[PDB]
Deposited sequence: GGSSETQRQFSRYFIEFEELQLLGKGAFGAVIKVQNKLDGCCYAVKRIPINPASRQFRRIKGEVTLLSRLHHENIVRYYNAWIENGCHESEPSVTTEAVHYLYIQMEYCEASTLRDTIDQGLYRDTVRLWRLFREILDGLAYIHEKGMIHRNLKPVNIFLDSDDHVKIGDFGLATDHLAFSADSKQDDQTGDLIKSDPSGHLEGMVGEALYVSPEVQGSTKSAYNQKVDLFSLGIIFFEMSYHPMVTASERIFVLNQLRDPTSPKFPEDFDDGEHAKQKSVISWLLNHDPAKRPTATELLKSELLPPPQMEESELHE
């Protein structure tokens, strides 16, 4: 009702393991929003209501803007967010991010910004990857899609680390940063093999074809989490623009 009464749908934006995200217009503002709708078994889910509570409270220029969350009668939970016009980092990676080194670095920064904020509120994303990082109409990172059935209090295989510790997201960032700083990997066999190589237990292994990027991703991907830098610690490293 509230969904259908007050919104019109425009485009399936994505489909999750749980339920979908629909780009919609609001009747009254006329504003486009993204809306996760999840089918829900009231009493089980208590996790979810938890992560809703937990995620509502996040405010950052590098998080997707929250708007509202409600339920409609037995079934569904809706979550209304900012609709980022430039889609995902994935799209941006696949259309030649490695080319623009200036842009590459800036975005990487914004992500770190986000992770720091998340980390200092005592929180972890865990489901971090380029499909889960969006881009506003001003081409700024908006991190999102935390995972509502996933605990985010600091107490799909390629982005996960070999291990609750903030170090997990910074591993993922190395995988991500690599892809940002690399040519689009046309083949699936390519994507998969190349990244399996970044995840070499003793030491990462890279393509044959960008020198500052190496040292960073090496730091980030360190198999021992204690030799990976904090979002701020790495924001402090001299290995950085602007």
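Item to check | Ranges missing from the model, given as deposited sequence positions | outcome: According to the record, the gaps fall at 1-10, 55-56, 86-98, 181-207, 216-223, 270-274, 308-317.
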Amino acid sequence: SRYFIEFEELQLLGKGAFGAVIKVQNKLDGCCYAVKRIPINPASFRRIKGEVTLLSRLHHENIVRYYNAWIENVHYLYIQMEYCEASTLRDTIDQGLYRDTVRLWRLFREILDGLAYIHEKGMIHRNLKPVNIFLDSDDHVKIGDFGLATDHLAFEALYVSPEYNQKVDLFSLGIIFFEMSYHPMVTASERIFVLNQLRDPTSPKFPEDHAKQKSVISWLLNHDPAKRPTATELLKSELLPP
From here on, numbers count along this sequence of modelled residues.
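Checklist entry - So 231-239 or 1-9, which one's hotter by mean CA B-factor in the entry? => result Mean B over CA atoms: larger for 231-239.
Next on the checklist: Quick check: 199-207 versus 55-63, which has the larger average CA B-factor in the record?
Outcome noted: Mean CA B-factor is higher for 199-207.
Item to check | Candidate set 43, 38, 32, 176 [ranked by C-alpha B-factor, highest] | outcome: Out of 43, 38, 32, 176, the record gives the largest C-alpha B-factor to 43.
Checklist entry - Per the coordinate record, which of the options 137, 101, 132, 172 holds the highest CA temperature factor? => result Out of 137, 101, 132, 172, the record gives the largest C-alpha B-factor to 101.
Checklist entry - By the record's CA B-factor, is residue 96 among the lowest, middle or highest third of residues in the chain? => result It belongs to the highest third of the chain when residues are ordered by C-alpha B-factor.
Next on the checklist: Lowest, middle or highest third: which one holds residue 165 when the chain's residues are ordered by CA B-factor from the entry?
Outcome noted: Its C-alpha B-factor belongs to the highest third of this chain's values.
Checklist entry - Mind checking which third residue 86 falls in for C-alpha B-factor across the chain? => result According to the entry, residue 86 has a C-alpha B-factor in the chain's lowest third.
Checklist entry - Considering only modelled residues of the same chain, in which third does the CA B-factor of residue 78 rank: lowest, middle or highest? => result Its C-alpha B-factor, which the entry lists for residue 78, ranks in the lowest third among residues of this chain.
Checklist entry - Is the Cα B-factor recorded for residue 26 in the lowest, middle or highest third of its chain? => result Lowest third, going by the recorded CA B-factors of the chain.
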